[PDB]
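**Q**
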Amino acid sequence: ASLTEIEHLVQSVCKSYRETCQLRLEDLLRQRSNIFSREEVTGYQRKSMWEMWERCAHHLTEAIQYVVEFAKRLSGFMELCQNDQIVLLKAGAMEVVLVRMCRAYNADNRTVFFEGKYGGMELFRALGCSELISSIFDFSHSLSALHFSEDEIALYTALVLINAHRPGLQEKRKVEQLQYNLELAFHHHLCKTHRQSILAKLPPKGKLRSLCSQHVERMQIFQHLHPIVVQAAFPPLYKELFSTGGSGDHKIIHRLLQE
Ligand SMILES: C[C@@H]1C[C@H](Oc2cc(Cl)cc(NC(=O)C[C@@H](CCC(=O)O)c3ccccc3)c2Cl)CCN1C(=O)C1CCCC1
């Protein structure tokens, strides 16, 4: 691409993100003083493991659905073959969700927006996966220290998704070309806004991958303890992506990709 084309891709990506971001940043920021009470926190801590897992899976599924829509609107993604579309979303959708989540994280009091108010990580004690929760909060705290603009989140999450190293890609070169163009757009935008100093401070890829594998592991542990809960009350998209015995999702996401 030339320079006009790179800048055109920057605004295309930022638009696709804006149209698919699920929660508006201003809405999240206006709620920061709305903080769960002691009594409400205790109420969450008293819920059963399986009901809290069910609520979390519901919320992650909705977030993943917006990430699928982001991808469908992302320049060049629907021109990839359908095998590679699904490989990229299976490997990348949760990573994109985890990055988007820092927008709902308040670094000043270490709280997150959840079901109407902000609370700290003690809200989630009933899940019985505190080590994973702490890691997610720490990751979000590190991202918050970079002070991402919405445009930077757009460009960065596009690259999280368009990763030409994902195993299973059939047209590896076509994905490499898209990734390189999106890399130019990202770096051009940082150069133009004098923000290149964040590049060295972005998390290594191993970190996002560690969080998602831990998510699957804790999930599989919970499923082994409550198998019928996962079968009867978890969203089909989540079940197929992540659960033991899951089909793999190729069919729900293939049908989201067409609609
Ligand atoms: C879901 C949550 C994320 C949770 O802690 C965090 C951490 C950080 Cl950085 C940000 C947010 N908040 C948000 O992004 C906003 C809320 C709004 C929900 C609403 O519409 O009311 C949201 C939207 C979309 C997806 C998830 C959450 C939360 Cl909740 C911890 C627990 N759990 C998990 O994954 C656990 C469960 C099992 C495996 C790990």
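22 is the number that the working numbering gives to position 3 of the sequence shown; each next residue is one higher, with no gaps.
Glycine included, every Cβ here is placed at the ideal spot set by N, Cα and C.
Using only the alpha-carbon positions, how far apart do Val29 and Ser94 sit?
**A** 10 Å
**Q** DSSP state of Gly138, grouped into three classes?
**A** strand
**Q** Can you tell which of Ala123, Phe158, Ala251 and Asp103 has the C-alpha that lies nearest to the C-alpha of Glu190?
**A** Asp103
**Q** Flag this pair as touching only if the region 146-164 and the region 118-127 have three or more C-beta atom pairs under 8 Å; answer yes or no.
**A** yes
**Q** Taking the runs of the alpha helix (DSSP H) that are 4 residues or longer, which of them lie wholly in the region 30-85?
**A** 44-49 and 57-65
**Q** Any heavy atom of ligand 1 within a distance shorter than 8 Å of the CB on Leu42?
**A** yes
**Q** Let me know if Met71 comes out buried or exposed under the rule of 16 or more other beta-carbons within 10 Å of its beta-carbon.
**A** buried
**Q** Report the residue ranges of all alpha helix (DSSP H) runs contained in full by the region 148-198; include only those spanning at least 4 residues, in chain order.
**A** Segments of the alpha helix (DSSP H) lying fully in the region 148-198: 149-163 and 169-180.
**Q** So the candidates are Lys91, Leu108 and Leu165; which of them puts its Cα closest to the Cα of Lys220?
**A** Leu165
**Q** Once DSSP output is grouped into helix, strand and coil, what is the label at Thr212?
**A** Coil.
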